[PDB]
Structures are given as C-alpha cells and as structure tokens.
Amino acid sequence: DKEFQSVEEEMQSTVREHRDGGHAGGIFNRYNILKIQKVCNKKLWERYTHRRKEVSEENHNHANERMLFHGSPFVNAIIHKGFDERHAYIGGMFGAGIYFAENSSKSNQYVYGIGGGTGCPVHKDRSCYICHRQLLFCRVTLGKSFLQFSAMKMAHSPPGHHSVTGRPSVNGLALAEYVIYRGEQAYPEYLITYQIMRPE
C-alpha cells in the first residue's frame, strides 16, 4: 500500500535530534514501524467535516488542514471517542489546548505521558526498545492560525482565530507545535504501532 508507505515516510523523515538528549522520548534516529491502521469512525469523521466546513467559511473558503502527529497514553480512547478539549493539556505553553506536532519524534515524547512520564508500563523505561508504542497521524483543521513564539496561556483560540501555531524561537521552542481548543477540529486518521530503534 502506497497510502501507508506515505505515512511511514512522514513518520521516519520528520524525526529530529531533541534538546533533552532523548530524556522524554528515548534515544533513536529511526523507528521500526509495525502496523499502520486507518481509523474509520463515521460519527467522528462527520463531527470533523462539519466543523471543517464551518472553519473554511470563516477563513476565506480555506480549512488550512494539515496532517500532524499526536502522542498520548490515551490513543485508544481518542480513536473511539475523538479528541476532547475537556481533557486538554492545561500545563501546555499555549494553555488548555490539544497539541500536535509536524515532527513525529516530538509527539513520541508524549506517548507515555508529559515529559515521557515513567516510560513504558512493563519496564518503566522512557527509552524502551522492546515495548510497542502508538502515535496518531491526524487530520487537523487549523483555520486562521494565530502565530505565537512565547508562552501564552489561552483557554480558547484567540478572537477571530481557530488555532495557535507555536513557532521556533531562540528563547523558546526548538520545533513547531499546533494547538486546537475544540476537539472536533482533529480526526485521528491513522494509528501507527511502532518501536523506537537503538541507534547503529
């Protein structure tokens, strides 16, 4: 399948060297991709496309949709119930939103919790090469995205906007991040099962 080879290529090509030296997500240059499953949840898809149409109408007939990664210990709940701002990451740089990355390795830092938590449930290892991890590769409606470089604790999108884009800056972010404040603005399209690989 070419659709899944495209997803594997985005997963592999967006890995970056992290400033924390692998503390949160583990030490690796690449992944062993085990499975890529397309999520087909009609009710969530309709909730997503309904909101996408509304955002497009409010953003010069443009949804500003992007495919982005999301890491969480709650990926199974997300696939069944959808993203939910009532469970937003309050401690985030941009406040109470749902965070996405264009770099798979940034999302990998969140798979076992904030700052990687205590790592895998079996070995309590943030750099476990044994346990299988899951990431989501999502359709995200950004609409009119508010560009921000420094911490700005929001409860909702800035007035007239549909999302926040965190841009890299000297004093701030190493890599971009994208924040929505309404769960219906993302669809968990692909579930990726993988392992991080021990460097060569």
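Numbering starts at 1 and runs along the sequence shown. In this text, the rigid core denotes the largest set of C-alpha atoms whose superposition between the two forms falls within 1.5 Å.
Greater C-alpha displacement in 9 other deposited structures of this protein (rigid core superposition, RMS over structures and residues), of 160 to 168 versus 57 to 65: 160 to 168. Fitting each structure in 9 other deposited structures of this protein onto the rigid core and averaging C-alpha distances over structures and residues, 83 to 91 emerges as the more displaced of 102 to 110 and 83 to 91. Of the other compared PDB entries of this protein that include residues on both sides, at least a third leave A151 without atoms. In this entry, 33 to 41 has the higher mean Cα B-factor, the comparison being between 33 to 41 and 134 to 142. Across the two stretches, 16 to 24 and 185 to 193, the PDB entry reports the greater mean Cα temperature factor for 16 to 24. Of the residues listed, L68, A151, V164, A63, the entry assigns the biggest Cα temperature factor to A151. Of the candidates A101, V122, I78, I98, it is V122 whose Cα B-factor is highest according to the PDB record. Looking at the C-alpha B-factors along this chain, the one for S56 belongs to the middle third. Annotation for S127: C-alpha temperature factor in the middle third relative to the rest of the modelled chain, per the entry.
Sort the modelled residues of the chain by CA B factor and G82 lands in the lowest third.
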